[PDB]
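In the block that follows, a single chain appears as structure tokens, in the form deposited in one PDB entry.
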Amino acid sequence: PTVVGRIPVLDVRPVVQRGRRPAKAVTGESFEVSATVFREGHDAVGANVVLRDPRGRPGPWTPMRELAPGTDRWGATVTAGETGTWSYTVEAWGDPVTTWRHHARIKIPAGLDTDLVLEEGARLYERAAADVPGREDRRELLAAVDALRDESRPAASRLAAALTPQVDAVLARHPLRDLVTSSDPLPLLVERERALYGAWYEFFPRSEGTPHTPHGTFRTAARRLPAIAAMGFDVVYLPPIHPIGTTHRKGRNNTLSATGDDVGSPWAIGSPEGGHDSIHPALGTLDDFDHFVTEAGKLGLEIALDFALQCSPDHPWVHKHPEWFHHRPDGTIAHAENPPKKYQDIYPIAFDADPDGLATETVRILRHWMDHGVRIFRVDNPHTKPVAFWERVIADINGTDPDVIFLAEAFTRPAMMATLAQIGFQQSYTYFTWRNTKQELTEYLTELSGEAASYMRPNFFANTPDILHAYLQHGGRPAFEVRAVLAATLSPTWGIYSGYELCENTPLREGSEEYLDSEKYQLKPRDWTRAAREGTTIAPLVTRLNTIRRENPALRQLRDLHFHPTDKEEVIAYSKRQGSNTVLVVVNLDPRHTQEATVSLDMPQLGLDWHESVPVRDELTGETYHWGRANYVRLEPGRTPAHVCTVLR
């Protein structure tokens, strides 16, 4: 038995960990399956992709083509359907009809071996007819056979009879494939559309209170949901909603001593009042949480809860399960760290004394919130807990509940970041906030939209409570507008943390990425109604971008993305396509100066020939332009951060 088959089919992609983990897609998402295919000699090969659903049923006939001359690399686009575990193979074969037609078109006009070449075609078409089940289809091919053999007909007419549309139609439904050779199946995990596509909004329920009761409840925070839904978001991500420890509770601005009424960090989970399966008493009860989830769902909002596998020194686990922590020789537990940052208010979990008990308890907690309608979890710093722990936990949960989505907040080195995605995390936080120049954005999105897309789905949060980038600090509102346009149009999943739309951008100090007076350590009442009346919010732009995404399928996918050259380093241009929908975006990355540039479009990447016009509508303004292969743009910060255009068909 040989490893290589009769017609070699080699190195099928996408592949993840040599086939030990599945490649990823979502329902309705297209992607390319590729392979190295060739044969000995110079006759033509053909190849096709066989995509099989969870019941083993094959998809449509999906022929591949050589992707670049002389490379022997072949590809075809497939489209994922219903959720579940699929598989794909590549089949390769000798293509005798293509081979013969190429020879006949050369030899017959020159009168070379005319009778022999035509007879080769005749018995070939007889061979193709042998497998054709329909009487009328066979009669079609046999008619071409008889014409090819008709020596009382001019040679050019004998040949032409083999090349009619009616003949092609029979062979398109019953191609003659010789020496068919197949790869061994590769796995594909197809998940729900929200795993790839959605707009996220993060806020702290406790900040949405009243003057008499400053600490918000789930009942008072629910009245923020209409604004979030009106802004076009799909997912509401809440920081931890559990009781918060008192021992070593942090004060305002990340100080080490809480005083008086200080509320502490929600990530310092646990007290005698309860742990990860309980509600902070100041937020209300489990019934109040159910009300919040119900009202969110009525507005089309899904809840994502924070899952932080750690605890305050007051969490019941500390004395119930000491073996879930690392102890020093005096029995004390060192506080958690993530250098240069220190988390003096929490203990990290240790995994090597009782990994089974920890897995059991983790999936118990997840299933509790899942029973209360939470089908999405934002997992904190997963890279400080074992990779195989997450692989086990995610397999357990998705085994019974495949719709649950896990988002990995792993800002770390690339190997870890990729591996967490590959072992099951549906979504990943990314380096987006630290990619701000044209070359940074072009290189990083080229990576994310390329091979990484077979295992990672990016969530572009333009800010988080822990990341206020210097680009926003120094650029002000025009910079918030730019980063919103970029996040919303470069990834099918993007997000903001509350206050982004108010352009809050005061750092803790120069050179920090923390917010001054951070909401992680204090209630932050915001007068949303006043900000809207004073026009100091970019909620309208955010709303518009989410509507554009909902109206243009090209923005609801990741992999089809092309950057078009401009002649100014501050002006970036790119297009995305899905079916007949094309979106073309031009962004001025300079938040301080107007920028003029010529955008030179790669017309064929738009499906257009070089002389065609490009009728576009700028969805930010409603204006129409008659663009072509080279277009002058002028973008003024504070007025026109970008053009977000749909190509008119």
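Each residue number is its position in the shown sequence, starting from 1.
S.K.: Going by the average Cα B-factor in the PDB entry, point out whether 297 to 305 or 504 to 512 comes out higher.
M.R.: Per the PDB record, 504 to 512.
S.K.: Which wins on mean Cα temperature factor, 335 to 343 or 392 to 400?
M.R.: Higher mean C-alpha B-factor: 335 to 343.
S.K.: Among the candidates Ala258, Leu188, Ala488, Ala195, give the one with the maximum CA B-factor reported in the record.
M.R.: Of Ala258, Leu188, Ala488, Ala195, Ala258 has the highest C-alpha B-factor.
S.K.: Compare the CA B factors listed in the entry for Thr27, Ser34, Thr624, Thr62 and report the winner.
M.R.: Max CA B-factor in the entry, restricted to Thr27, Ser34, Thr624, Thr62: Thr624.
S.K.: By the record's CA B-factor, is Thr213 among the lowest, middle or highest third of residues in the chain?
M.R.: It falls in the top third of the chain.
S.K.: Rank-wise, by C-alpha B-factor, drop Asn48 into the lowest, middle or highest third of its chain.
M.R.: According to the entry, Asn48 has a C-alpha B-factor in the chain's lowest third.
S.K.: Would you check the entry's CA temperature factor for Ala172 and let me know if it's in the chain's lowest, middle or highest third?
M.R.: It falls in the top third of the chain.
S.K.: Going by the entry, which third of its chain does the Cα temperature factor of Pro272 land in?
M.R.: For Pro272, the deposited C-alpha B-factor lands in the highest third.
S.K.: Going by the CA temperature factor in the PDB record, which third of the chain does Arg206 belong to: lowest, middle or highest?
M.R.: It belongs to the middle third of the chain when residues are ordered by C-alpha B-factor.
Just so it is clear, the following notes concern the form deposited in another entry, a form of the same protein that is not shown.
S.K.: Would you point out which of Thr181, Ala296, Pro60, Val614 is found at the hinge linking the two rigid parts that shift between this form and the one not shown?
M.R.: Answer to the hinge question: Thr181.
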